[PDB]
Every structure is written in C-alpha cells, then in structure tokens.
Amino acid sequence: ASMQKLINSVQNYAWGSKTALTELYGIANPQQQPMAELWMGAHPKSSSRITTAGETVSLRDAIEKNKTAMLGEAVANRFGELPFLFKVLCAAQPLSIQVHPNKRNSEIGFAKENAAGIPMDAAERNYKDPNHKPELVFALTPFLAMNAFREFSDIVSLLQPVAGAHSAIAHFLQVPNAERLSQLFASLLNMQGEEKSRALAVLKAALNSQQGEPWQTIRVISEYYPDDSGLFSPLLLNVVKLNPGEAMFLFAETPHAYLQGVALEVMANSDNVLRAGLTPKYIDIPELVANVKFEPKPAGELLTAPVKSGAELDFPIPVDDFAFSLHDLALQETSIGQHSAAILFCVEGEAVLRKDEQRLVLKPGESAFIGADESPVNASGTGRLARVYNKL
C-alpha cells in the first residue's frame, strides 16, 4: 500500500511513565507497565511493522527487499538502510548525563571495543558506530533537561554557595577557565567515601538556603540520585525547560541529560554513549574527560531555530542523516513530498492522508511510513503532523 500505518514498539524500561502515552495518545496499558520509549523505524532489535494486505511484516525486512524503491536512490547509496530512529521518550525519572564522542574518537572506541570482541548489544558496550551520530530532541510536553556547560561567570556564581564542598571547586573559583573546569568535572566524578559525602553534605546545606533554579532541579534529581556526584551538574551545565514545540540539537563532546517530560527524539539506530553522572554504573573518567569539550554554550544558542515555509516548519540540522519538520494541517489539502522515505506522526489534532484512491487516518500518537517511490501525499485535518525524512 502507498501509505503504511505503523505498528510500533514500546520499550518498557524501568524509568518510563506508566501513564504519559495512555494520557496523550490513548495507548493501552492495562498491566500499568512503565512505558519509556515508543519506537518508530527499522531498528534491528525491535523494528516497526506494517500489514501486507492482511498479515504483519517487519518494516526493516520490507526495506531490505526493496531498498531503492523504499529509501530513495540517495539514501540507499549513502547509508544502505533507514538512517534514523524516531522516538517518543517518556521520562518519569531523570536519566543519566551523557556525552556523545566526536567522529575521530568514535572510530577509535568502536575499534577498541570490536578488537576486545565485545558483542554489539552487551551492557559493556559504549560504542555502536564508527561515526558520530547527531540527535534532535523536540518537546511534546514541558521538558526538563541539561545541555552543555554554562558561561564561566554563571558557573562561578553558582558554585560560590558551595565553595567549601571540594578544593577542586575552590581551585575553579580562583581562576575560572576551561582547564580548571575540566579538573573540577573529573574531580567531582571521582570523589570517594568521605570526600564524596563531605561534598554532598555541603550541597545539601545549600539546597536549604538557595531558592529557584537550578537548586530546585537539584532537589528533584536528588530524590533519585541522592548519592550521586552528578547532583553538582546543574551548577555546571545549562538547565533548560523546553516548552512544547521547542527543540535542541545535541552536539558531540557535550554533556546532556533528560530530566522530565515527553519528547520526540530523532537519532541513528546506533550511537555512542559515555556516561557522566546520574548513574550507578562505573565511569572511565580519563576517557570521558578526553571526550569532552570544556567550552561554555550561552543560553541563547541552545534551541535550534526553526524555519517556517508555508505550512512547513523545518528544524535545520547540520547532518545529512535525517531531517525533521512539523506540518500544520488545515482542512484544505497540502502536499507533503520528499525524496526519501518518511515517517509521519500525528502530534495533535488528526491527520487525513491521501494517496490517489487510498486514504488513511492518524489520530494523535499514530504514525505511517511513506516509501520514497510514494511521495508526495496530501494531508488535511487539524493540529500538526511531524515528519522525519532525509533531504539529500
């Protein structure tokens, strides 16, 4: 069929919302499982599925038999597969701080782990691609997060109340530069026993005499990671609240975290992750440090600025891998065309999609796959349609 309603995986990771997807989209959850992620794509560990005409088949399997017709010649020749995973994330808990290594260091890490024969899907495994994979997050409900290091004077101002927590903090305050920020970071991560509890106790005292942000975020996080050096991170990293509709592109070598809410996320199937706190897992600190750019990002540069053309709101991404756009539906049809495969996801309202004689309804939280050889489709309705595709 021209258009293909997707049967999508729900990953029930422990940190998921028992309710969000049900509330938002009317997805059934009788057993009240935590629903962390809704997957839309062709990931080899849990592909989306389509219905033959009336049996269900893997979308990954269907692409593989029909690569050029389904992906477009461009995508088939650049990547050889669907180059994106599209997700709905429901953080009912705050998640680990993460860094994605750059291209050079990803190749090395990918090769190091492969030389040691670590299976691609082991917990030990941190590098699943030789490349640096980009990542876009797009807020569906108010979405709390950290992203990148704050401006140095901003960090100074935030550390003053906790100056006595660790000498590495005092060191930074004296000369607040990139180098000492690096030593401060590593030092917090490596605190042990009574050194760590000493620093935690200073921070806790502070929480009792400081108001608003990012103190309030630390208070929230501490309910889940009360014994984590990561509690110091909102003093170092930018605490952002995305409103519905806003987006952030996550650069390499830049610590970030998802703390609360529901969001769309676009990524590769395979990425590389170094953990930088808010985790019980062991961290290789020198490696982490070697993969971090200790460079402030001013607040005004956090959100990717969309570009509106007609009914199309594009979110420009400095990568060839995937593109992201939001389409305002109206009752009069507009044309949604691309040179590649595309996944269409109704954000809100309701979409009618038309292809010649075929028509297909998406209520909020539902998605269809459009093979390259089937563009364009006509869309009408109310609310908003989200599209992941490829511009090449």
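Just count from 1 along the sequence shown to find any residue number.
Of the other structures of this protein that model both sides of residue 53, a third or more give it no coordinates. Where coordinates are absent for parts of the deposited sequence, a chain break appears; between neighbours residue 53 and residue 54 it spans 1 to 3 residues.
The stretch with the higher mean CA B factor, choosing between 171-179 and 227-235, is 171-179.
Comparing the deposited coordinates for 121-129 and 106-114, the stretch with the larger average C-alpha B-factor is 121-129. Reading the B-factor column for the CA atoms of 216, 269, 190, 98 in the entry, the top value corresponds to 269. Each of 337, 349, 365, 41 has a CA temperature factor in the record; the biggest one is found at 337. Annotation for residue 295: C-alpha temperature factor in the highest third relative to the rest of the modelled chain, per the entry. Per-chain ranking of the deposited C-alpha B factor places residue 134 in the highest third. Looking at the C-alpha B-factors along this chain, the one for residue 386 belongs to the lowest third. Ranked by C-alpha B-factor against the other modelled residues of its chain, residue 255 falls in the lowest third. In this PDB entry, residue 12 carries a Cα temperature factor that places it within the lowest third of its chain's modelled residues.
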